[PDB]
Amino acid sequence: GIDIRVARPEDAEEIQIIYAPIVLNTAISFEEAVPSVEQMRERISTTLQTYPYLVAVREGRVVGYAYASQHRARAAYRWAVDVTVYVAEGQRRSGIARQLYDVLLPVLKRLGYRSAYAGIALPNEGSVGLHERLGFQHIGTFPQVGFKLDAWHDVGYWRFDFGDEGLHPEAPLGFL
């Protein structure tokens, strides 16, 4: 009942089940083509080489996942990280989401990142409240920055601060 494990490439099929509808029918993800199970399988592997990738299991099945990712490419951005959480289309009011974050965030802090950023396609008052009750501060919005499903969607950014200012290179999740 909502236990959080480190993900694995074998969990690709159940992560795709969650992600496929989001891509086809929502503007939650700004992708337009559904990645295959094998494609999701390479993503998980690639991510785990440097970043945490978590899954939330319930009754022995994956009902949610969360992974971190590079914020930007330039060197001076290395203490910044993107965070991404998708719960399965129904077991929300989450819950699963807050928990996935309750594990992902402290692990991020340990590795040395100073800030975490979440992209939230607007409107999504449910997703917004979640982040804001975790401590995320809204720091900006890119209006009409994207076009999907015959509509112009804004993208807002929420920052989670870890603090600090001594500056040493962010270590990676033990290179899986």
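In this text, residue numbers run from 1 along the sequence as written.
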| item | value |
| --- | --- |
| Between the two ranges 112-120 and 129-137, the one averaging a larger CA B factor in the entry | 129-137 |
| 163-171 set against 148-156, stretch whose average Cα temperature factor tops the other in the entry | 163-171 |
| Candidate residues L100, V83, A80, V87, the one whose C-alpha B factor the record puts highest | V87 |
| Candidate set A68, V57, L54, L48 [ranked by C-alpha B-factor, highest] | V57 |
| Where the record places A75 (Cα B-factor, split into thirds across the chain) | middle |
| Entry-reported Cα temperature factor of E38, expressed as the chain third it lands in | highest |
| Among modelled residues of the same chain, the CA temperature factor third for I44 | middle |
| Assigned third (lowest, middle, highest) for the C-alpha B factor of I4 | highest |
| Chain third (lowest, middle, highest) by recorded CA B-factor, residue given as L104 | lowest |
